[PDB]
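K.L.:
The structure's right below; bear with me while I get my questions together.
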Amino acid sequence: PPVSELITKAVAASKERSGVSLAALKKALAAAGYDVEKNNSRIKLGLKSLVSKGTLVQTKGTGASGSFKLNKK
DNA sequence: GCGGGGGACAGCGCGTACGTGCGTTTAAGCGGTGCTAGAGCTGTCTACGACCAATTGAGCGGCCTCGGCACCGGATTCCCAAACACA
C-alpha cells in the first residue's frame, strides 16, 4: 500500500488539536511495520505531496519538520 | 524515594560563509657588499664586603585584660511562584 494511505491512517488514528509530528509519524509507521529508516526520504516526499495536495495542513514549523493535521475541509 | 518539568538530544531546513580553484600581484628569500656598533676578553686598583671580638637593646616568651566578634532570638525585608484579571 502507498505511504500516503499509511500516513493518512496514522494521522487519523492519532487525531488531536495539535498535530502528529514527524517523529510521531515515524513511530506510528514503524509500529505499523513500515521501515521508516530506508524510506524516510520517501516519507518526506510523500508527506510533502500530501501537503501539496492540501490533504494535510501544516500547523507549525515549515515543511516535514512541522506538525500536521488532516484537512477536514 | 518520587513526581515532574526543563533541558539534552534528535531531526529538519536554509542561507551564507567558508573551502576550492584560477589568475594577478607582491614581497619573501637568496646571494652578495659594506659598515660599524657593540660583545667579549684582559689588566689594575680600589672600594667594599667578609670575619671577629665586645655592647646592648630590640624582640621573644609568658601573663594579663578587655573589646571585637560569634552566636541567638526577634523583627525587617526581599525575592517568589503561580493565580487571577484582562488582553
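Here's how to read the names in the C-alpha cells: chain A, B, ... by the order shown, residue numbers from 1 in each chain, ligand numbers from 1 in the order shown.
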At a cut-off of 10 Å, which residues of chain B touch chain A? Count only C-alpha atoms (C1' of nucleotides) and give the answer as a PyMOL selection string.
P.N.:
chain B and resi 10-13
K.L.:
Those selected residues, please, written with C-alpha atoms (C1' of nucleotides) and delivered as a PDB file, in the first residue's frame.
P.N.:
ATOM      1  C1'  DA B  10      17.317  14.102  17.607  1.00  0.00           C
ATOM      2  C1'  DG B  11      15.556  15.748  13.147  1.00  0.00           C
ATOM      3  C1'  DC B  12      14.920  19.294   9.608  1.00  0.00           C
ATOM      4  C1'  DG B  13      15.530  23.364   6.857  1.00  0.00           C
TER       5       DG B  13
END
K.L.:
From chain A, collect each residue whose DSSP state is alpha helix (DSSP H) and return the set as a count of residues only.
P.N.:
34
K.L.:
How would you write, as a list in words, the set of residues in range 18-60 of chain A that DSSP gives as strand (DSSP E or B)?
P.N.:
residues 20, 21, 56, 57, 58, 59 and 60 of chain A
K.L.:
I need the residues from that last selection saved to file as a PDB file, in the first residue's frame (with C-alpha atoms), if you can.
P.N.:
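So result-v3.pdb came out as:
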ATOM      1  CA  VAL A  20       1.170  14.427  14.727  1.00  0.00           C
ATOM      2  CA  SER A  21       4.835  15.392  14.466  1.00  0.00           C
ATOM      3  CA  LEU A  56      -2.554  17.803   5.330  1.00  0.00           C
ATOM      4  CA  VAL A  57      -2.480  21.249   6.945  1.00  0.00           C
ATOM      5  CA  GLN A  58       0.863  22.416   8.326  1.00  0.00           C
ATOM      6  CA  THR A  59       0.075  23.684  11.818  1.00  0.00           C
ATOM      7  CA  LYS A  60       3.599  24.591  12.986  1.00  0.00           C
TER       8      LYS A  60
END
K.L.:
Could you tell me which of A:3, A:13, A:70, A:27 comes closest to residue 45 in chain A if we count only C-alpha atoms?
P.N.:
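Going through A:3, A:13, A:70, A:27 one by one, the smallest distance to residue 45 in chain A is for A:3.
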